[PDB]
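Chains as they are written, first to last, in full-length UniProt numbering: chain A, 3265 to 3560; chain B, 3265 to 3563.
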């Protein structure tokens, strides 16, 4: 918990391509002989109020789509839709295609984002899917989109594709089968995310991290109960805690000797009172974007 | 300036190898037909207090060094020391060598770090060189080193190579010509970094970013002198502002309508009042790891 690290992006950098239809250019993902991108790329400024993606797409032809892989143009030989992602079939398969799978994550899980600006991968950052199903991303100077992923050995797990900025600085998107995370639609219309909350089990995992790293000043002699803790949590805008969360933290409790409900008592008192001038793990903020697995 | 973003690491990943000497294995950088790595790889555990690097190196021959680029073994055909870096000549140039250059940075400047854990690249993060010439990196689960860079257009600027964790959590290292940043040496003797101060010019550039994104609540009607600002800033462990910092921010004060010394007056009030509970650019802390250059790119 020293610093929020992202996975190295190299395996993903060679899958990014630019996709143009009309005036709209944005980022696509090129795997085997298929390019994936948000289906809203076929829309024009006027289509976006309330489009019929079915209709507009049947009126589209292969030569309407310009796909650039660097300075190499890819010829589109087919297209289909799968929920909110358009699949463009291309003449050539990507020789840089890594071992990969598509997965869907849950709120509270973390991943790395390779962000597009000005038509190329330009930034990488680590983040978490919020409980309101948004991502607190960087959108400055707009964007050309982004892809979220994890690396598990040689295998890349793609878990997120960006579709839109929300009125707040946050982002919403889909998994790679085009299913949205959260209660959003890919139209131009009033949409606001639900209330965000702090991800409690990650905060706990992060305090476990500090104790391992020697920061121990917040421990106290007391315990609490799930029910007593959860009533305090809801008051402070923190997610409830379940027996599953307790189970998942069990390794950290057995390694450290601090029971989970004993550490919840520490977290309970940190809410009500605060850090004063002491810091945890060199940070004076409560971090909730480190998962248990991340602390390892 | 919402998220601290790092540069995509791929051009650097193709350059990381693994140098072994005796029982020590750590990360090296393979550019053209040279491998660069910390000279202390030739050190026995006994030698770390008072190592005689010239004595230790004259006693090595080329096949003492084991260089592995993933699965391939590279063959060492010569070696030389250049300050605190070992240069290992190998018989095959790296076919993945990017356009690159070696630059020495100054404190306050930012760069991305590709961190080696368990013999391979495994994490990437963005940081600044602190004014005491250390990095608040991340040291855990058996580091094998790291390499710092910026990417501009398509050229990689390599600026940092990690050598040691200091007894604090911070890390210290050299540029790629082997000169240490700061007053450190590559021996395990008592070394302590000077006080870490806040990089005043980066906070100001951040604040300008926040005005540009429409946050204005911290602004006040006052202005200050440079010498009065610096007198107050020092009592909070903020670096002093120089005239060069003022000029460098000029672009932002033009775009924004707020003079530099106007914005300093607002920073003075923030330090005196705290943020209450409010936030700037989403942050509840004053952020000092974005440079004016970083800020003028996004804004």
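Where a beta carbon is used, it is the ideal one built from N, C-alpha and C, also for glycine.
Let me check understanding here. Comparing Cα to Cα, which of the options lies closest to residue i?
{"i": "residue 3507 of chain A", "options": "A:3499, A:3491 and A:3358", "result": "A:3491"}
{"i": "residue 3278 of chain B", "options": "B:3327, B:3366 and B:3384", "result": "B:3384"}
{"i": "residue 3324 of chain B", "options": "B:3475, B:3389 and B:3303", "result": "B:3303"}
{"i": "residue 3458 of chain B", "options": "B:3355, B:3413 and B:3436", "result": "B:3436"}
{"i": "residue 3292 of chain B", "options": "B:3520, B:3380 and B:3339", "result": "B:3380"}
{"i": "residue 3335 of chain B", "options": "B:3431, B:3281, B:3342 and B:3364", "result": "B:3281"}
{"i": "residue 3557 of chain B", "options": "B:3305, B:3287, B:3550 and B:3416", "result": "B:3416"}
{"i": "residue 3421 of chain A", "options": "A:3373, A:3537, A:3386 and A:3387", "result": "A:3373"}
{"i": "residue 3396 of chain A", "options": "A:3462, A:3353 and A:3466", "result": "A:3462"}
{"i": "residue 3345 of chain A", "options": "A:3270, A:3298 and A:3331", "result": "A:3298"}
{"i": "residue 3502 of chain A", "options": "A:3537, A:3485, A:3466 and A:3521", "result": "A:3466"}
{"i": "residue 3332 of chain B", "options": "B:3285, B:3386 and B:3424", "result": "B:3285"}
{"i": "residue 3456 of chain B", "options": "B:3480, B:3478 and B:3428", "result": "B:3428"}
{"i": "residue 3327 of chain A", "options": "A:3464, A:3317, A:3311 and A:3353", "result": "A:3353"}
{"i": "residue 3408 of chain A", "options": "A:3371, A:3382 and A:3530", "result": "A:3382"}
{"i": "residue 3450 of chain B", "options": "B:3486, B:3460 and B:3349", "result": "B:3349"}
{"i": "residue 3378 of chain B", "options": "A:3405, A:3433, A:3270 and A:3434", "result": "A:3270"}
{"i": "residue 3460 of chain B", "options": "B:3481, B:3432, B:3478 and B:3479", "result": "B:3432"}
{"i": "residue 3351 of chain A", "options": "A:3464, A:3343 and A:3519", "result": "A:3343"}
{"i": "residue 3290 of chain A", "options": "A:3426, A:3520 and A:3272", "result": "A:3426"}
Within the same chain, show all residues whose beta-carbon is closer than 6 Å to that of residue i, passing over the 5 residues directly before and after it, in chain order.
{"i": "residue 3500 of chain B", "result": "3535"}
{"i": "residue 3528 of chain B", "result": "3488 and 3493"}
{"i": "residue 3360 of chain A", "result": "3278"}
{"i": "residue 3510 of chain B", "result": "3524"}
{"i": "residue 3317 of chain A", "result": "3303"}
{"i": "residue 3551 of chain B", "result": "3470"}
{"i": "residue 3315 of chain A", "result": "3307"}
{"i": "residue 3516 of chain B", "result": "3472"}
Excluding the 5 residues flanking residue i on each side, which residues of the same chain have their C-beta closer than 7 Å to its C-beta?
{"i": "residue 3532 of chain A", "result": "3488, 3493 and 3496"}
{"i": "residue 3453 of chain B", "result": "3313"}
{"i": "residue 3423 of chain A", "result": "3367, 3368, 3369, 3375, 3412, 3413, 3414 and 3439"}
{"i": "residue 3371 of chain A", "result": "3393, 3394, 3395 and 3397"}
{"i": "residue 3268 of chain B", "result": "3390 and 3553"}
{"i": "residue 3539 of chain A", "result": "3548"}
{"i": "residue 3486 of chain B", "result": "3529"}
Going straight from the alpha carbon of residue i to that of residue j, what length do you get?
{"i": "residue 3369 of chain B", "j": "residue 3472 of chain B", "result": "24 Å"}
{"i": "residue 3321 of chain A", "j": "residue 3307 of chain A", "result": "9 Å"}
{"i": "residue 3483 of chain B", "j": "residue 3313 of chain B", "result": "53 Å"}
{"i": "residue 3418 of chain B", "j": "residue 3546 of chain A", "result": "35 Å"}
{"i": "residue 3504 of chain A", "j": "residue 3513 of chain A", "result": "15 Å"}
{"i": "residue 3274 of chain A", "j": "residue 3389 of chain B", "result": "14 Å"}
{"i": "residue 3367 of chain B", "j": "residue 3413 of chain B", "result": "9 Å"}
{"i": "residue 3355 of chain A", "j": "residue 3362 of chain A", "result": "19 Å"}
{"i": "residue 3475 of chain B", "j": "residue 3541 of chain A", "result": "28 Å"}
{"i": "residue 3411 of chain B", "j": "residue 3543 of chain B", "result": "33 Å"}
{"i": "residue 3300 of chain B", "j": "residue 3338 of chain B", "result": "13 Å"}
{"i": "residue 3386 of chain B", "j": "residue 3446 of chain A", "result": "31 Å"}
{"i": "residue 3295 of chain B", "j": "residue 3400 of chain B", "result": "27 Å"}
{"i": "residue 3276 of chain A", "j": "residue 3365 of chain B", "result": "24 Å"}
{"i": "residue 3283 of chain B", "j": "residue 3330 of chain B", "result": "6 Å"}
{"i": "residue 3265 of chain A", "j": "residue 3403 of chain B", "result": "10 Å"}
{"i": "residue 3287 of chain B", "j": "residue 3549 of chain B", "result": "44 Å"}
{"i": "residue 3444 of chain B", "j": "residue 3498 of chain B", "result": "27 Å"}
{"i": "residue 3309 of chain A", "j": "residue 3481 of chain A", "result": "56 Å"}
{"i": "residue 3357 of chain A", "j": "residue 3347 of chain B", "result": "47 Å"}
Could you please give me the residues that DSSP links to residue i through a beta bridge?
{"i": "residue 3437 of chain A", "result": "A:3426"}
{"i": "residue 3280 of chain B", "result": "B:3293"}
{"i": "residue 3302 of chain B", "result": "B:3349"}
{"i": "residue 3385 of chain B", "result": "B:3380"}
{"i": "residue 3445 of chain B", "result": "Residue 3445 of chain B pairs with nothing; no bridge assigned."}
{"i": "residue 3414 of chain B", "result": "B:3421"}
{"i": "residue 3364 of chain A", "result": "A:3420"}
{"i": "residue 3340 of chain B", "result": "B:3354"}
{"i": "residue 3332 of chain B", "result": "B:3282 and B:3337"}
{"i": "residue 3400 of chain A", "result": "A:3434"}
{"i": "residue 3391 of chain A", "result": "A:3375"}
{"i": "residue 3406 of chain B", "result": "DSSP lists no partner for residue 3406 of chain B."}
{"i": "residue 3547 of chain A", "result": "A:3544"}
{"i": "residue 3502 of chain B", "result": "B:3462"}
{"i": "residue 3288 of chain A", "result": "A:3285"}
{"i": "residue 3474 of chain A", "result": "In DSSP, residue 3474 of chain A forms no bridge with anything."}
{"i": "residue 3270 of chain A", "result": "B:3388"}
Only counting the same chain, and skipping five residues up and downstream in sequence, which positions put a Cβ closer than 8 Å to that of residue i?
{"i": "residue 3311 of chain A", "result": "3320"}
{"i": "residue 3562 of chain B", "result": "3265 and 3473"}
Cβ of residue i versus every heavy atom of the ligand GTP: is any distance shorter than 6 Å?
{"i": "residue 3297 of chain B", "result": "As far as ligands go, the structure on display features none, and thus does not contain the ligand GTP."}
Check whether the segment 3440-3447 of chain A and the segment 3511-3530 of chain A touch, using three or more Cβ-Cβ pairs below 8 Å as the test.
no
Output needed in chain order: residues of the segment 3476-3510 of chain A with a Cβ under 7 Å from some Cβ in chain E.
Looking for chain E here will not work: the only protein chains present are A and B.
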